[PDB]
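Below you'll find the structure, written out as structure tokens, and then a few comments.
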Amino acid sequence: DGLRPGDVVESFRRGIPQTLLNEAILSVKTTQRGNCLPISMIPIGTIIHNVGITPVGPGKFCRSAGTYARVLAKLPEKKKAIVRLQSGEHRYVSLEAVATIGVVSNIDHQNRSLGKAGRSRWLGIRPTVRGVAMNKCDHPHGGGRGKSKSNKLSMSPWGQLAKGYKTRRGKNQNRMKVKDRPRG
Amino acid sequence: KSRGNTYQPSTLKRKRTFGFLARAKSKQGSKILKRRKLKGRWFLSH
RNA sequence: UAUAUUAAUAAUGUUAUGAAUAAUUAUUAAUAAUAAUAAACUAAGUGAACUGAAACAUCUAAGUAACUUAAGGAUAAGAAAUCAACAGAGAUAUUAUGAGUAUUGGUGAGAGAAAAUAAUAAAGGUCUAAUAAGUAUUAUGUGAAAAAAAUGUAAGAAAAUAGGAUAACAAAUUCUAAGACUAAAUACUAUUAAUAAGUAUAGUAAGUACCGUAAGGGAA
RNA sequence: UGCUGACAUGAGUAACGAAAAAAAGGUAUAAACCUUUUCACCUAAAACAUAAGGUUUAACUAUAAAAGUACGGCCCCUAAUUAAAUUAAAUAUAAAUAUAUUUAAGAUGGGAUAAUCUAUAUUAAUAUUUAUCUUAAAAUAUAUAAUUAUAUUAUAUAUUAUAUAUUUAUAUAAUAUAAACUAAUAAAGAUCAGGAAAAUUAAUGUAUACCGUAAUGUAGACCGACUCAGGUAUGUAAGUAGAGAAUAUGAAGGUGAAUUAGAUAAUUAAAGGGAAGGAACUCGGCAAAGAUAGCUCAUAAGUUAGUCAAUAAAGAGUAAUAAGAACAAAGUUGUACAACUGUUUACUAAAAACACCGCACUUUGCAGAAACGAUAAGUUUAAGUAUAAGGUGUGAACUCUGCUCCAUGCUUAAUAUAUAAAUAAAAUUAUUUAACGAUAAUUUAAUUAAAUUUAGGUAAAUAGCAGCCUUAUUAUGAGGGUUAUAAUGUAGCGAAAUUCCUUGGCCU
RNA sequence: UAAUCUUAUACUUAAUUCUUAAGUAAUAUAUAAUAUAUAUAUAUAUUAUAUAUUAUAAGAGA
RNA sequence: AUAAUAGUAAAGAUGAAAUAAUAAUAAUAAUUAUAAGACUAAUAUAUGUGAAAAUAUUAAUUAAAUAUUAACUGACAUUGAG
Ligand SMILES: [Mg+2]
Ligand SMILES: [Mg+2]
Ligand SMILES: [Mg+2]
Ligand SMILES: [Mg+2]
Ligand SMILES: [Mg+2]
Ligand SMILES: [Mg+2]
Ligand SMILES: [Mg+2]
Ligand SMILES: [Mg+2]
Ligand SMILES: [Mg+2]
Ligand SMILES: [Mg+2]
Ligand SMILES: [Mg+2]
Ligand SMILES: [Mg+2]
Ligand SMILES: [Mg+2]
Ligand SMILES: [Mg+2]
Ligand SMILES: [Mg+2]
Ligand SMILES: [Mg+2]
Ligand SMILES: [Mg+2]
Ligand SMILES: [Mg+2]
Ligand SMILES: [Mg+2]
Ligand SMILES: [Mg+2]
Ligand SMILES: [Mg+2]
Ligand SMILES: [Mg+2]
Ligand SMILES: [Mg+2]
Ligand SMILES: [Mg+2]
Ligand SMILES: [Mg+2]
Ligand SMILES: [Mg+2]
Ligand SMILES: [Mg+2]
Ligand SMILES: [Mg+2]
Ligand SMILES: [Mg+2]
Ligand SMILES: [Mg+2]
Ligand SMILES: [Mg+2]
Ligand SMILES: [Mg+2]
Ligand SMILES: [Mg+2]
Ligand SMILES: [Mg+2]
Ligand SMILES: [Mg+2]
Ligand SMILES: [Mg+2]
Ligand SMILES: [Mg+2]
Ligand SMILES: [Mg+2]
Ligand SMILES: [Mg+2]
Ligand SMILES: [Mg+2]
Ligand SMILES: [Mg+2]
Ligand SMILES: [Mg+2]
Ligand SMILES: [Mg+2]
Ligand SMILES: [Mg+2]
Ligand SMILES: [Mg+2]
Ligand SMILES: [Mg+2]
Ligand SMILES: [Mg+2]
Ligand SMILES: [Mg+2]
Ligand SMILES: [Mg+2]
Ligand SMILES: [Mg+2]
Ligand SMILES: [Mg+2]
Ligand SMILES: [Mg+2]
Ligand SMILES: [Mg+2]
Ligand SMILES: [Mg+2]
Ligand SMILES: [Mg+2]
Ligand code: NA
């Protein structure tokens, strides 16, 4: 977020090097914004981004503009650390997984308004044709005289319900989630 | 918009699509060639 | 780059100190290469629909068309864990009778054996296996319109004192699975010969002309 | 409405495909061929160069001439993409095949040297898009070093005169139009943030391969069945004029044609003019007519503040007063619908339909959601990570968006609650057996799902928003009492693109 | 958790390379003995015996 | 608000009652442990301070502030539409 040219950032993903070791006391020095480190080092409560899953793999979660996660708890017994992601889903992440300190840049990205259709086209976004505009053969919402919704439940062109229908369900669900994201 | 001129020649494209070697290279094209040979065709491909 | 290397010699000219280093020609020895291959017939895999049932959904069309794969001059099958019925036969293939009979079917449409007796047929019997286990059998899901032998999932035997065969059981009978080979009659193509109440619009050109981007269609 | 062939009929009818021709002569053979002269047409083309294409049509068989420099291919290199190719076991798969990775191919692109003319081999060794302003500098004139006004301002070459290497080289100075245009340079604005891939010295080389080259190419030589007013890529495109590639003309070049000659009724087409009237036409001003500068000024209400409205309407200056080329320029307003620029039925609909930017809902934590995959591996999503991506509705913004979960769904919680397959062992029964046994069914015992039900939640999910009675002198109905329901139409709007009765009543 | 699954990344003999076998050197693990330090247990060093040269790391996990 | 601990059937509310993200999925009360905002008990009298709105947890910075003397200026003041 507040990073500007001239700032200095380290990374303690390998570990605390012999420079800083020779010269908590270390935690406050380390937990400056912009520098990366394992969630074990990152104190409980503080805001982070580019949160990893595994102790070896890269930062996956919380990458987009003005997004962030928050460290909620850490369990050295199970080698996990409960982290709240941007969605609000509380989630187990490996205790030795990587995460940068601070919120992501460009918080005001969301407030941008594209002026015109052409801007969307430039960005690489072709037009969405509504299901109600289509013929019945093309989309369930299609058909009807005048403009009608056909008494048809809001759903995709391939019949998957659009409003509220949980798509990841049953056995195939997320094992690592502690508390599901706030919904509606 | 007047129709009729759907053929728009370009030798290179023709040879890529309908040339002998294109037929030979594909399995389906090889089968076509064989079928034409069986029929008795003088001209198997472009 | 095979009118090639690589090496060994021989002849030629140059470099540096009789010996050494590169190039060109000519012999000798060494090193790799050329898929244009049928089609029909056979076997295997996957497998429609129109259609019929005066509708249609089981059923039918049909294991057909088609696509796919693989083999041989043919392939397949073949010397009974076969049939039969207390008498007997005694390999497989094709045809005639048996017989449109038994059998079976939304018991509709319709489908339909075998034994036995005849031909055709070739010498038609003969070991190649240390005699066969995740096999027979069972449950279950499928499976040639009758008649099974197959098969995914999983339980799973027996030694000839045994095992297979029929709703079931008892008697009897018959055969020996889980190892094998096999001409001949047959299919298709080509050739030769002979016979045509066949063809000159089924009588030789041309898969050409021409049509189509193309698969493909196709004259006189 | 049989098939094939032949021949009729309409009929010597229509038509002969945008078109400017004339004479003389080749030739006592020419409307059509060739030549000469005249006339016309195209001229940012009907010209000249080319690309693609094609029955070589060409100025032709005695036929389209390349080592390379404002020459192309071939070649080297790669993009998009392609590949019976590539890796006891790359992965997946009824077969076919498919996937991932390698390698190979693949131009529409990149590729050293050159008029001083230039040398490509072998061996060895370590670059989206647009812009060039302002300032500043010096130069030229007016006025009294400094002000005012005007052009000029990075590069492109010949001449002359100097200073150094020695008439050939290097540097310096001075001389020298305007308007376009090119390339190469420099600095730099905007978000939409801008390909890929293939070293250098030295020595030794270099006898320079193949293919393209005609003509046609806004067309009679290609794609349209035709010598078809259609379709067809690029570069030059004389001057005069102009803001210009508009428009007029046309230097040069090319062309004047498989139909001609006459006549020009009715009638049709495509044009020109029109008294008096001026929409009386008609479904409807359809069609036609209508431009008192195009430059410089000036330009309102409204408004989302955007000269949006505007190119405002009117109007002014310059020009012209009787007029006297073409081309650009064709009013003002009210309402309905849609924010807008866009898109759409190639060949009857361009719209009020689609899209849109914005708004809202929702799904998915990434070994995700979505889609594709006889079905997989896997691929897109994404080299992204919830301010992201997919799905759904609505459709910029202002003022706003009421009440309702009954139903269909979704969503959360309850052993509330049934039933499917799957199992031990053991009881009668039935069949059989002389007997045990064997074979069938049937019934018992612990451990049961999702579903369903119930109760919430969810309407910018799918959806819904009743009727009767009668009370303030008559009327109206603020009120009052009922039934029904999940709730009972709120704000607004209203004979609406929604109103049948209906040409509703009233006003303009 | 060696069920499953996901992700990432030397010499010598015998039949120039290729493979077998023997012993030796090198590393790792398991077992036994000896010595030393701390609170019957843990750590370090040395010696003997046995095994290995798809792996390691991370994650999910009956 | 979340989590843990142990613990038992009610809890919370009100005039009295119910509805609810209350409670036999184990709460409330209790004890711990994290986080989050927003407020400032006594002193307090708004005493005082500020032009008025205002203004009382602590600290620092910068600004402005009282009285009396000494010296200086010499009416430079008051009020104040717009
Ligand atoms: Mg849309
Ligand atoms: Mg439609
Ligand atoms: Mg549908
Ligand atoms: Mg409607
Ligand atoms: Mg055609
Ligand atoms: Mg078959
Ligand atoms: Mg029928
Ligand atoms: Mg019917
Ligand atoms: Mg059948
Ligand atoms: Mg055989
Ligand atoms: Mg049959
Ligand atoms: Mg046997
Ligand atoms: Mg046996
Ligand atoms: Mg069975
Ligand atoms: Mg046998
Ligand atoms: Mg055999
Ligand atoms: Mg007839
Ligand atoms: Mg006539
Ligand atoms: Mg006539
Ligand atoms: Mg005529
Ligand atoms: Mg003449
Ligand atoms: Mg013009
Ligand atoms: Mg290549
Ligand atoms: Mg090219
Ligand atoms: Mg040419
Ligand atoms: Mg030429
Ligand atoms: Mg030309
Ligand atoms: Mg033409
Ligand atoms: Mg043509
Ligand atoms: Mg035509
Ligand atoms: Mg001109
Ligand atoms: Mg001229
Ligand atoms: Mg011409
Ligand atoms: Mg003509
Ligand atoms: Mg008139
Ligand atoms: Mg008049
Ligand atoms: Mg009238
Ligand atoms: Mg009228
Ligand atoms: Mg008009
Ligand atoms: Mg105004
Ligand atoms: Mg005009
Ligand atoms: Mg519009
Ligand atoms: Mg149309
Ligand atoms: Mg139209
Ligand atoms: Mg549309
Ligand atoms: Mg959008
Ligand atoms: Mg809106
Ligand atoms: Mg999916
Ligand atoms: Mg979205
Ligand atoms: Mg809409
Ligand atoms: Mg059951
Ligand atoms: Mg209405
Ligand atoms: Mg006061
Ligand atoms: Mg206080
Ligand atoms: Mg005052
Ligand atoms: Na509809």
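Quick note on naming: the chains in the structure tokens go A, B, ... in the order shown, residues restart at 1 in each chain, and ligands are numbered from 1 in order of appearance.
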Open item on the list: For ligand 30, return the neighbouring residues as JSON, numbers by chain (distance at most 7 Å; only C-alpha atoms (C1' of nucleotides) and all ligand atoms).
Closed with: {"B": [4], "D": [224, 225]}
Open item on the list: Counting only C-alpha atoms (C1' of nucleotides), a student should be able to say which residues of chain C come within 8 Å of chain B; what is the right answer, written as number ranges by chain?
Closed with: C: 207, 213-215
Open item on the list: Hey, which residues sit close to ligand 20? Say within 12 Å, counting only C-alpha atoms (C1' of nucleotides) and all ligand atoms, and write them as a ChimeraX atom specification.
Closed with: /D:13-16,259
- [ ] Can you check which residues of segment 74-167 of chain A DSSP gives as strand (DSSP E) on the backbone and send them as a list in words?
- [x] residues 74, 75, 80, 81, 82, 83, 84, 90, 91, 92, 93, 94, 98, 99, 100 and 101 of chain A
Can I get the selected residues back with N, CA, C and O atoms, as a PDB file, in the first residue's frame?
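Below you can see selection.pdb, which holds the result:
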ATOM      1  N   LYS A  74      -2.345 -19.144  15.664  1.00  0.00           N
ATOM      2  CA  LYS A  74      -1.334 -20.108  15.224  1.00  0.00           C
ATOM      3  C   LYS A  74      -1.200 -21.279  16.195  1.00  0.00           C
ATOM      4  O   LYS A  74      -1.204 -21.097  17.415  1.00  0.00           O
ATOM      5  N   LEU A  75      -1.094 -22.475  15.615  1.00  0.00           N
ATOM      6  CA  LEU A  75      -1.084 -23.740  16.340  1.00  0.00           C
ATOM      7  C   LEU A  75       0.210 -24.492  15.993  1.00  0.00           C
ATOM      8  O   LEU A  75       0.263 -25.190  14.976  1.00  0.00           O
ATOM      9  N   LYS A  80      -0.184 -25.466  11.894  1.00  0.00           N
ATOM     10  CA  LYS A  80      -1.118 -24.655  11.119  1.00  0.00           C
ATOM     11  C   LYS A  80      -1.257 -23.277  11.748  1.00  0.00           C
ATOM     12  O   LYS A  80      -0.799 -23.039  12.870  1.00  0.00           O
ATOM     13  N   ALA A  81      -1.890 -22.377  11.004  1.00  0.00           N
ATOM     14  CA  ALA A  81      -2.166 -21.022  11.464  1.00  0.00           C
ATOM     15  C   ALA A  81      -3.459 -20.542  10.830  1.00  0.00           C
ATOM     16  O   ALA A  81      -3.536 -20.409   9.607  1.00  0.00           O
ATOM     17  N   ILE A  82      -4.473 -20.297  11.661  1.00  0.00           N
ATOM     18  CA  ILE A  82      -5.772 -19.843  11.173  1.00  0.00           C
ATOM     19  C   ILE A  82      -5.629 -18.410  10.662  1.00  0.00           C
ATOM     20  O   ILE A  82      -5.160 -17.529  11.385  1.00  0.00           O
ATOM     21  N   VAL A  83      -6.026 -18.209   9.408  1.00  0.00           N
ATOM     22  CA  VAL A  83      -5.935 -16.920   8.729  1.00  0.00           C
ATOM     23  C   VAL A  83      -7.302 -16.579   8.135  1.00  0.00           C
ATOM     24  O   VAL A  83      -7.960 -17.433   7.535  1.00  0.00           O
ATOM     25  N   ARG A  84      -7.710 -15.325   8.314  1.00  0.00           N
ATOM     26  CA  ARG A  84      -8.910 -14.785   7.682  1.00  0.00           C
ATOM     27  C   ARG A  84      -8.487 -14.169   6.352  1.00  0.00           C
ATOM     28  O   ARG A  84      -7.658 -13.264   6.331  1.00  0.00           O
ATOM     29  N   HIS A  90     -12.424 -17.916   7.263  1.00  0.00           N
ATOM     30  CA  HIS A  90     -11.360 -18.340   8.173  1.00  0.00           C
ATOM     31  C   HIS A  90     -10.829 -19.663   7.642  1.00  0.00           C
ATOM     32  O   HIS A  90     -11.612 -20.535   7.256  1.00  0.00           O
ATOM     33  N   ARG A  91      -9.508 -19.814   7.632  1.00  0.00           N
ATOM     34  CA  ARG A  91      -8.874 -20.916   6.919  1.00  0.00           C
ATOM     35  C   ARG A  91      -7.550 -21.320   7.553  1.00  0.00           C
ATOM     36  O   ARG A  91      -6.746 -20.459   7.918  1.00  0.00           O
ATOM     37  N   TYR A  92      -7.332 -22.630   7.673  1.00  0.00           N
ATOM     38  CA  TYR A  92      -6.024 -23.161   8.051  1.00  0.00           C
ATOM     39  C   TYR A  92      -5.034 -22.959   6.910  1.00  0.00           C
ATOM     40  O   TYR A  92      -5.332 -23.247   5.748  1.00  0.00           O
ATOM     41  N   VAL A  93      -3.862 -22.448   7.267  1.00  0.00           N
ATOM     42  CA  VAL A  93      -2.735 -22.283   6.359  1.00  0.00           C
ATOM     43  C   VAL A  93      -1.537 -22.832   7.121  1.00  0.00           C
ATOM     44  O   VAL A  93      -1.481 -22.703   8.346  1.00  0.00           O
ATOM     45  N   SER A  94      -0.595 -23.455   6.413  1.00  0.00           N
ATOM     46  CA  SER A  94       0.599 -24.000   7.061  1.00  0.00           C
ATOM     47  C   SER A  94       1.298 -22.899   7.856  1.00  0.00           C
ATOM     48  O   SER A  94       1.479 -21.789   7.358  1.00  0.00           O
ATOM     49  N   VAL A  98       4.318 -18.623   3.599  1.00  0.00           N
ATOM     50  CA  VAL A  98       4.785 -17.257   3.348  1.00  0.00           C
ATOM     51  C   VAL A  98       3.642 -16.235   3.343  1.00  0.00           C
ATOM     52  O   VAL A  98       2.515 -16.554   2.958  1.00  0.00           O
ATOM     53  N   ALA A  99       3.954 -15.012   3.773  1.00  0.00           N
ATOM     54  CA  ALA A  99       3.017 -13.885   3.711  1.00  0.00           C
ATOM     55  C   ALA A  99       3.749 -12.552   3.889  1.00  0.00           C
ATOM     56  O   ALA A  99       4.560 -12.406   4.807  1.00  0.00           O
ATOM     57  N   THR A 100       3.458 -11.593   3.009  1.00  0.00           N
ATOM     58  CA  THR A 100       4.011 -10.237   3.104  1.00  0.00           C
ATOM     59  C   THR A 100       3.197  -9.400   4.083  1.00  0.00           C
ATOM     60  O   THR A 100       1.989  -9.592   4.208  1.00  0.00           O
ATOM     61  N   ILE A 101       3.866  -8.469   4.760  1.00  0.00           N
ATOM     62  CA  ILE A 101       3.212  -7.554   5.699  1.00  0.00           C
ATOM     63  C   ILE A 101       2.600  -6.388   4.921  1.00  0.00           C
ATOM     64  O   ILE A 101       3.194  -5.896   3.957  1.00  0.00           O
TER      65      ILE A 101
END
TODO: Residues up to 9 Å from ligand 37, counting only C-alpha atoms (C1' of nucleotides) and all ligand atoms: could you list those as a list in words?
DONE: residues 280, 281 and 282 of chain D
Residue subset to file, keeping N, CA and C atoms (P, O5', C5', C4', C3', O3' and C1' of nucleotides), as a PDB file, in the first residue's frame:
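That gives us part06.pdb:
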ATOM      1  P     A D 280     -53.522  21.127 -46.892  1.00  0.00           P
ATOM      2  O5'   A D 280     -54.407  21.196 -48.214  1.00  0.00           O
ATOM      3  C5'   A D 280     -55.645  21.931 -48.245  1.00  0.00           C
ATOM      4  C4'   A D 280     -56.220  21.989 -49.643  1.00  0.00           C
ATOM      5  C3'   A D 280     -55.805  20.903 -50.633  1.00  0.00           C
ATOM      6  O3'   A D 280     -56.580  19.718 -50.466  1.00  0.00           O
ATOM      7  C1'   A D 280     -55.756  23.040 -51.682  1.00  0.00           C
ATOM      8  P     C D 281     -55.871  18.311 -50.180  1.00  0.00           P
ATOM      9  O5'   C D 281     -54.795  18.201 -51.349  1.00  0.00           O
ATOM     10  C5'   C D 281     -55.162  17.962 -52.721  1.00  0.00           C
ATOM     11  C4'   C D 281     -54.091  17.149 -53.410  1.00  0.00           C
ATOM     12  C3'   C D 281     -53.927  15.724 -52.908  1.00  0.00           C
ATOM     13  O3'   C D 281     -54.828  14.835 -53.564  1.00  0.00           O
ATOM     14  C1'   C D 281     -51.803  16.770 -53.020  1.00  0.00           C
ATOM     15  P     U D 282     -55.777  13.861 -52.712  1.00  0.00           P
ATOM     16  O5'   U D 282     -54.744  12.950 -51.910  1.00  0.00           O
ATOM     17  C5'   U D 282     -53.871  12.031 -52.590  1.00  0.00           C
ATOM     18  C4'   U D 282     -52.741  11.593 -51.686  1.00  0.00           C
ATOM     19  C3'   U D 282     -53.133  10.991 -50.346  1.00  0.00           C
ATOM     20  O3'   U D 282     -53.487   9.617 -50.486  1.00  0.00           O
ATOM     21  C1'   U D 282     -51.419  12.583 -50.014  1.00  0.00           C
TER      22        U D 282
END
